[PDB]
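*Asks:* Before anything else, here's the structure in question.
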Amino acid sequence: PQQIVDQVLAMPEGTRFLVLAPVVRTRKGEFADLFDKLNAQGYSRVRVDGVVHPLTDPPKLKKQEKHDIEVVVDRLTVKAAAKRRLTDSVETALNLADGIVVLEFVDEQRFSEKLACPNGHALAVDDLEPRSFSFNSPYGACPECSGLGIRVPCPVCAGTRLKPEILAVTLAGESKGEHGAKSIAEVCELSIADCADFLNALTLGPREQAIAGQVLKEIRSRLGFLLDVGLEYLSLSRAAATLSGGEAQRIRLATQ
Amino acid sequence: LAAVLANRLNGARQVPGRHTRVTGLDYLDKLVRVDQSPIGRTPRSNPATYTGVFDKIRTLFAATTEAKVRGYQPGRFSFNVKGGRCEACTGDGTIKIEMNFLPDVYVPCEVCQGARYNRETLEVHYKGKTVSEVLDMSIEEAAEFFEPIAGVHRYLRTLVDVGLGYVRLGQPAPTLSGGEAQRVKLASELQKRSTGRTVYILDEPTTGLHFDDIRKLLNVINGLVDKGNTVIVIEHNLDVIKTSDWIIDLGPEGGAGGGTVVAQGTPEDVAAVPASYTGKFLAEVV
Amino acid sequence: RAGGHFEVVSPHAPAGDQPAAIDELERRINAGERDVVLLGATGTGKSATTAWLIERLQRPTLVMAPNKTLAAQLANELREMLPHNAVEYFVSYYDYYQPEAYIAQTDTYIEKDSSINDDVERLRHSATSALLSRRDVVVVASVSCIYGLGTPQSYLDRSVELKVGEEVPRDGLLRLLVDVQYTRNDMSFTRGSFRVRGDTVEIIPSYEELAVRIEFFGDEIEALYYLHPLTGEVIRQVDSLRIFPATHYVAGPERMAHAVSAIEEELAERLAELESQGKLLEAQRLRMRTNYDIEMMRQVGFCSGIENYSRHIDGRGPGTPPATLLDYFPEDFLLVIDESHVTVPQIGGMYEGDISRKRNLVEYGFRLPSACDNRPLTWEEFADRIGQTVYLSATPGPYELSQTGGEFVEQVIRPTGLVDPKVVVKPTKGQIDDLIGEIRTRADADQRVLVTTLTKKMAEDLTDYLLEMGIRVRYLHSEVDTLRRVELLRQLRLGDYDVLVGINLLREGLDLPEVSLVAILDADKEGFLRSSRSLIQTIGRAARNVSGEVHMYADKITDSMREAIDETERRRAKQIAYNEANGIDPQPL
Ligand SMILES: [Zn+2]
Ligand SMILES: [Zn+2]
Ligand SMILES: [Zn+2]
């Protein structure tokens, strides 16, 4: 909601708008009683079906007729330091309207808050969370293979052991090393050496450096021991069945 | 003992073991059994919420002219209140999100900056202090503050006498040791005007209290008993019992070998009777 | 004070003594008579005469009554005759009130406790606003009026008016609403409170029953509208309107500053006083209580015990009369005191008892001597602060007659033509037999009867015997409660019983037109509660019926009783002569 209120700056200075609280969005119904209740609270302003009327003298409504009840709350243009009245009606709408308002170019701008995607869309990953790309977990498991990777590979794996939506669409920005643009399956295919050298030097951000320094240290220690044993030709996606006994033995040797 | 006293005075319904009778309840009103148990297992509760001074400070902030003009309740100023809690933290200050494998890391929130509030509420600066600041300064600083106020003054005086006031006012209950919680409980009961007719039974509280913490608790119980309170504590500390004006030492021998008063009276009296080994110890002392 | 003409709508036609009495009272007040008496017999209608006098004088009138009981029945009635003027009300606004009291012997603090009434305070503030907003204002007041108050000066100052169209900062409006004791109840809608939603603001004023909605065009007064508080039904719209503070402890921020200064000074005074007295416990208790009080002035300005600092708030000196509804009145305010024969003794007795309480309060470290200042005006102080004084009673008080020179204005012949009863006197003996005989005689026509008594034991014993003789009889004692005599009224209007046996309290709160006979036991004793006022009251009681009768049974005859009877019978002959001159029999009304 803080962005909703602060968006008044985004809309040009002085441009007319309306303090529109979508209390009952598009839910049609004869609501003269609701008008009376809104008056009982006391606002004197309302807009239904996109047309403004006073709560003192609202229009007639029928159940059959669509009624987009976004009550006008206050009379304001984009003013300077009007945050007092703005917030006054704005948190009010954030409850009555339940979190949504609009400052249209009545003289457009929509002051709405939506989760996941900013536009209220669905996401391959609901947010920037690693488990979202875990097919061993149901997050990445395909509908038709459940993470196994088979139906003949399942139609929604096609080689990648991951959901197509959570393959690269929300995770194609891995700027590891140079030209870095990787899908989860792409890193999987990155051999031991490929991925290790990719992560040896990569620029993804300062907060990412801070919160993935431990990641780099663990990986580089693991790879240093892996080289101390002389094991790089195995790939990150290489089938675990390739373990020759000595392979996992060296894995544990490095670990210990 | 505890079973019978609690069920006869506090209305408990626990099993009284095997005793023919108890007397002297006529000289008492309601017992209190206290131990090391933590006061609160969640950060939700905090020193303010436990002590009950929280709503008092909330009303204090409501007393600002800015609070008047906004026209909103002491609950508004709260930190466990829906409206005033920034969604970025639910007004918890930092932002928390983590999975099972590894622990989280504290991160100040745009709203908070550690303020565990919302600036909308913090705009009031009652007595030149925001709600964040008021909840910030720890017990001793709050004590030297709020001087002409009364109930908060009694709370803070109790805590100052406890002498552990260093604890942050918003210090999470989970971030407080069992002995610290014990001191909090004895402080809270120190502010209930029982006239001393009540009696406190207690475990061995050495854990969670340093030597000085034990001395502070000793002063607390001294004030209680001078206010008329009775007390009985199981304790392996010779100093604590020698400070207690009377001793009842039970048990000729450990385990089933005990089960009867071997000696009692003033610590010195019980000491003069070597029927207890604790008595032998109180004898070699003094 | 814009005084609208006291429009009197009186379908009743004045007759009998009414014209002469009103004319002579009018010329009395014209003659600068600061002291006047009226002799208003029973059924002479003092209310109408007072209303007409107030109409003639066109002054803001303060009427003084001795108990809240009386105020109710009259004020509503006058509003009928004055439906176009400010008619108001004021008494103790306490469903219950334990004072701040101190048992010194037991060192027990019976702290001030009060169940607060609402409508009483509402009418109090309505009266203060009307007085400080118009001259055509009539206020009925209990002695509480002379207690300590705030200044009508600040009352009229803090009040603020807003008009349609005029530019006014809405936030400043909220600020002044706070300063005039009105809460931004953004949650619900309550008396003397208000809510803000957008430019719209809706407020219930403390004194005004209804509410008001104001629409704002930015920081301009867009429009004003009356409203039902909850439903919001716009009663009407007016361009402008004023708002008075919801408190009578009105005081600007500067007045709070001065009050705090003087409070601290007299706090040092009382500190030293109790320190010398050795009452250290009381000194410390008062010190901490007033420390909290001043803390929440410096923060809020509102608390309990504010009255105790009236001398600081009003700012006048110690021992002087504290502010009063009299100050709320002009100097040319009309003044009327009904039953002043007990209101003035009540004034002195209340001052004495309350100053005895301010002892063991202030003298014993509970408040400063400013509490003692927040007191009923000493009788002399009241006598100065009043204007012209008019006492109303068929039994003028002794000090009242001393003030007025003994002269008065008569109004005893009712226009109806009712006449006084026929009195009879017999010795105490032959009382039970005659009582039963008259009981049966009246029960033939199913009529009422009254009985008085002196001692509780003999009273209830006699009622018990009467019940034993199969008599529809009841009795009254010292602390009887309303249900008993109200169901007695139901019974008598339903014809269940005939007689009652009371001692003292019966003398008040009984109007029984159906009793044609009363009995007065053992009037021989010279007693205060059985004085000439008592016998005259019984005479008025027995005068209700067309052919009422008095029967006093006592061995000897007291001077007051028989002089009262003789004057009653001669004025009865006068009333009969007036009736028959009109050719009209005594007319029940
Ligand atoms: Zn989207
Ligand atoms: Zn698949
Ligand atoms: Zn936050």
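Protein chains in written order, with UniProt numbering: chain Y, 133 to 239, 248 to 291, 410 to 514; chain E, 668 to 953; chain W, 23 to 611. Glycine included, every Cβ here is placed at the ideal spot set by N, Cα and C.
1) Quick check on the burial criterion: 16 or more other C-beta atoms within 10 angstroms. Buried or exposed for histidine 437 of chain Y?
2) With distances taken between CB atoms, is the gap from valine 851 of chain E to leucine 695 of chain E smaller than 7 Å?
3) Where does the unbroken alpha helix (DSSP H) through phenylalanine 251 of chain Y begin, and where does it stop?
4) Would you give the residue range spanned by the beta strand (DSSP E) that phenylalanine 216 of chain W belongs to?
5) May I ask you to report which of helix, strand or coil DSSP gives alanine 730 of chain E?
6) Would a check of beta-carbon distances place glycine 738 of chain E closer than 7 Å to chain W?
7) When burial is assigned at 16 or more other CB atoms within 10 Å of the CB, is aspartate 266 of chain Y buried or exposed?
8) Answer with yes or no whether the minimum CB distance from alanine 923 of chain E to chain W is below 7 Å.
9) To the nearest angstrom, report how far apart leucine 527 of chain W and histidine 363 of chain W are at their CA atoms.
10) Per DSSP, what are the beta-bridge partners of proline 105 of chain W in this structure?
11) Using 10 angstroms around the beta-carbon of residue 9 of chain W, count the other beta-carbons present and answer buried if the total reaches 16, otherwise exposed.
12) Let's test the definition: count the other Cβ atoms within 10 Å of the Cβ of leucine 356 of chain W and tell me whether it reaches 16, buried, or not, exposed.
13) Should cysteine 779 of chain E be counted as a contact of ligand 3 given a C-beta to heavy atom distance under 6 Å?
14) How would you call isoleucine 606 of chain W, buried or exposed, if buried means at least 16 neighbouring beta carbons within 10 angstroms?
15) In the structure shown, what three-state DSSP assignment does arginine 264 of chain W receive?
16) With DSSP as the reference, identify every bridge partner of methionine 574 of chain W, one or two as the case may be.
17) Taking Cβ positions, are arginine 81 of chain W and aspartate 503 of chain W nearer each other than 7 Å?
18) Can you tell me the Cα-Cα spacing of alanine 670 of chain E and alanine 817 of chain E, whole angstroms?
19) Go through its chain and collect everything with a Cβ distance to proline 683 of chain E's Cβ below 6 Å, but skip five positions before and after it.
20) Check the Cβ-Cβ distances between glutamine 321 of chain W and every residue of chain E, and say whether any is below 7 Å.
21) Would you mind telling me which residues of chain C sit closer than 9 Å to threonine 411 of chain W, beta carbon to beta carbon, in chain order?
22) So with Cβ pairs under 7 Å, would you call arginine 219 of chain W a contact of chain Y?
23) Leaving out five residues before and five after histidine 334 of chain W in sequence, what residues of the same chain have Cβ atoms less than 6 Å from its Cβ?
24) DSSP puts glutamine 120 of chain W in a beta bridge; with which residues?
25) Report the CB separation of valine 234 of chain W from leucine 249 of chain W in whole angstroms; it is logged as a contact under 8 Å.
26) Can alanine 290 of chain W be considered in contact with ligand 3, in the sense that its beta carbon sits closer than 6 Å to one or more heavy atoms?
27) Given a threshold of 16 other Cβ atoms within 10 Å of its Cβ, counted over all protein chains shown, does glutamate 509 of chain W qualify as buried or as exposed?
28) My guess is that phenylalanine 744 of chain E and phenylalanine 728 of chain E are in contact by the Cβ rule of under 8 Å, so how many angstroms apart are they, rounded?
29) Who's in the neighbourhood of ligand 1, going by beta-carbon under 5 Å from any heavy atom, listed in chain order?
30) Output needed in chain order: residues of the region 266-284 of chain Y with a Cβ under 7 Å from some Cβ in chain E.
31) So, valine 200 of chain W versus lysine 763 of chain E, is the Cβ gap smaller than 7 Å?
32) Listing by chain order, which chain E residues have their CB less than 8 Å from the CB of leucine 196 of chain W?
33) Using a Cβ cut-off of 7 Å, pull out every chain Y residue sitting near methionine 766 of chain E, in sequence order please.
34) Tell me the start and end of each unbroken beta strand (DSSP E) in the region 854-908 of chain E that is at least 3 residues and wholly inside, in chain order.
35) Check distances from the C-beta atoms of the region 797-831 of chain E to those of chain W and list, in chain order, the residues that come in under 8 Å.
*Replies:* Straight from the coordinates:
1) exposed
2) no
3) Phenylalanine 251 of chain Y -> not in any alpha helix (DSSP H); beta strand (DSSP E) instead, spanning 249-251.
4) 215-219
5) coil
6) yes
7) exposed
8) no
9) 17 Å
10) Partner(s): none; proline 105 of chain W has no beta bridge.
11) The structure shown does not extend to residue 9 of chain W, since chain W spans only 23 to 611, so no value can be given for it.
12) buried
13) yes
14) exposed
15) strand
16) W:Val447, W:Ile542
17) no
18) 37 Å
19) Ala670, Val671
20) yes
21) No chain C is part of this structure, whose protein chains are labelled Y, E and W.
22) yes
23) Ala281, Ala284, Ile285, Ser392
24) W:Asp135
25) 6 Å
26) no
27) exposed
28) 5 Å
29) Y:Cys257, Y:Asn259, Y:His261
30) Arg271
31) no
32) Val736
33) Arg271
34) 866-869, 897-900
35) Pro815, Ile816, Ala817
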